[PDB]
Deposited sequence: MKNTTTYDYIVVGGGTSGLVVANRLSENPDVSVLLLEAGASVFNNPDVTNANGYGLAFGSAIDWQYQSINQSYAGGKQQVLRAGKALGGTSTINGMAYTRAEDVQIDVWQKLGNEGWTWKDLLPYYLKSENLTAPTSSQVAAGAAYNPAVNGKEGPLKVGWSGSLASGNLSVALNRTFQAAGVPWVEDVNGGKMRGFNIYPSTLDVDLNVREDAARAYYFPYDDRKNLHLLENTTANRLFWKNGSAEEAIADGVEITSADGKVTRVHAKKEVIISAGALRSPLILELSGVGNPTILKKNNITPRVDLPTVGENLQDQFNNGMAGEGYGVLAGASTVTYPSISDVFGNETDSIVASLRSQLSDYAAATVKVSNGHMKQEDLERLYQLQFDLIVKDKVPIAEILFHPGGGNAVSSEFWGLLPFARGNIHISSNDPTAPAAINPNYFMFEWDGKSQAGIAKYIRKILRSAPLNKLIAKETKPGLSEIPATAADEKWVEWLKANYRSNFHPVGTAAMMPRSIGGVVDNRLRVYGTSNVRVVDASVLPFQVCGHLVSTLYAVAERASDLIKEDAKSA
């Protein structure tokens, strides 16, 4: 058989959810196309303490950006999983969600049916939380039962290794003294605070719970669910007509290099990730006709914001050294703008407010005018209001024991304003795309990252944590003296950042009139039966780690797809 009801392109975090849910109807056939293969036995993947091992290996796509001209000019890797399970197989396993009001903004933008209350049941539907044991509670693990699922495919919990220790106790106390409270659960729509966050972990087996272990392997003997692993989707092909486009199927390349077709009777769902789904649309003739014709593609749908509105965060690290060994829980802190900036908040806010229209005008040029000034101003206003009025967190700060006397912190500004893009460089599906996130394009983006770095320096010096810490080692005071200007902080951050690997927005869910690529049922404009369901569709960044929200989005999409089939 090479004809199926649905073809899901990309057996990753989001694609496996859609394939799982659509195959619950035994009369519906579902084909998954995945470029990689199983990592059920890959020790870099299964190890619950293995984050980083897979970097640069054969299961890391290692996509490369262009030289980042606003960030001191180097290329950056954008990592992504090439595996059944996608990027959930190589990620840091943290499970945190979003601010309620920031999901509500999706409807404010024009996406009917996308609010926190609409998404919440789908976060619960995805999740099977293992409650913390008494020793884990003593370590600071907590949850709110009303906002965690107990029955879903994705196991979430805390390491059996979790123990209370000097470092996490001191951090808890130090943040409390700085006015940032310990919160029991960051996944109930209000994320501000200090928390011992849960992970995507099977606590029983002590193994990473990736999307394939959650949504594929326990279901793999469904006779209506088919997998073509080691298989790359090149492009969609269409029914005749030159009318709203009807996808007939997907053109594929097998491991032996042979090009063939598989056919879809109902819909093609594209879940190849934010750095591939827009490329697959372009190769199919759906995108900016000038780019398509330059690259020898016949345009089928004039939708020039395919690949535009790319938004990513950037990550920096700091470190300190204890007088002696440091231990305890890994902690996350989600500070607001006023937590980070204290007395300077009002002037930071006023500078930011004064730059929004300038940011918008600069971003218009990034898409050569396929986003309008007024639309970018409205988008940037919504983001500004979340930061300033709703006080959503502006940073994620991770602290954990780094081994021996080391304390490591990793941090990122959550809501930079820079937008960039991704586009094909050829019609050859193997050619590397031109990927440009435009890191540090706007003043707020580097100024907030510097505020965050300074805040971490201050926390390490604050009581009672300061009684445990002998010195800051990264950057340290030789590199960045106590009185260093913001410019010196920004320069160091630019020299040392990486992508945070949270790209969104390249097939953004917005009304077509304001630049969207998909409607509120994730259907690509100009097509009858093509959807994108993965990070590409998020119209803005979120505060937490992506998988929780991608699973919830894919769960919700699955219900929308089923409703449309009835």
Would you flag the ranges of the deposited sequence that the structure leaves without C-alpha positions?
1-3, 246, 571-572
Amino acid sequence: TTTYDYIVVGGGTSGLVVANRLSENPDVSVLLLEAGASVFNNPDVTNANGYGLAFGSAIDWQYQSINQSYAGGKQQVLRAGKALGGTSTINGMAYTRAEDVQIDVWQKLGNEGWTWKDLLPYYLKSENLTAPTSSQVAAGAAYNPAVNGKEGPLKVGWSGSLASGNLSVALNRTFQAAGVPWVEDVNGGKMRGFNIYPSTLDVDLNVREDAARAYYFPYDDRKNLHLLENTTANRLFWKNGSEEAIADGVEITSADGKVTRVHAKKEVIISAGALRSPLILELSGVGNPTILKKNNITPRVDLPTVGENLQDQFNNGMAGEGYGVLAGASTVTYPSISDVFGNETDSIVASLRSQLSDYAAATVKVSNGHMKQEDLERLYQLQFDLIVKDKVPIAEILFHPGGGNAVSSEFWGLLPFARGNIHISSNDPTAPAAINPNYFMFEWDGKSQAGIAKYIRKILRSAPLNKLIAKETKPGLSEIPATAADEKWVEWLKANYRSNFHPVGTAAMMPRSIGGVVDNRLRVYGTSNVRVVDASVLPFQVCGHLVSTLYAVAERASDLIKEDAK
From here on, numbers count along this sequence of modelled residues.
Across other compared entries, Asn315 missing in at least a third:
no
Is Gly241 a gap in at least one third of the other compared entries?
yes
Can you let me know which of the two, 153-161 or 199-207, has the higher average C-alpha B-factor in the entry?
199-207
Between 470-478 and 95-103 (mean CA B-factor, as deposited), the higher:
470-478
Most elevated Cα B-factor in the entry, residues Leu129, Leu275, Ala233, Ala139
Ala139
So if I compare the CA B-factors in the entry for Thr89, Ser448, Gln76, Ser347, which one is the largest?
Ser347
For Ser499, does the deposited CA B-factor place it in the lowest, middle or highest third of the chain?
lowest
Going by the entry, which third of its chain does the Cα temperature factor of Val28 land in?
highest
Third of chain Cα B-factors occupied by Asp220
middle
CA B-factor ranking of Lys458, expressed as a third of its chain
highest
Thinking about Cα B factors across the chain, which third does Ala255 belong to?
highest
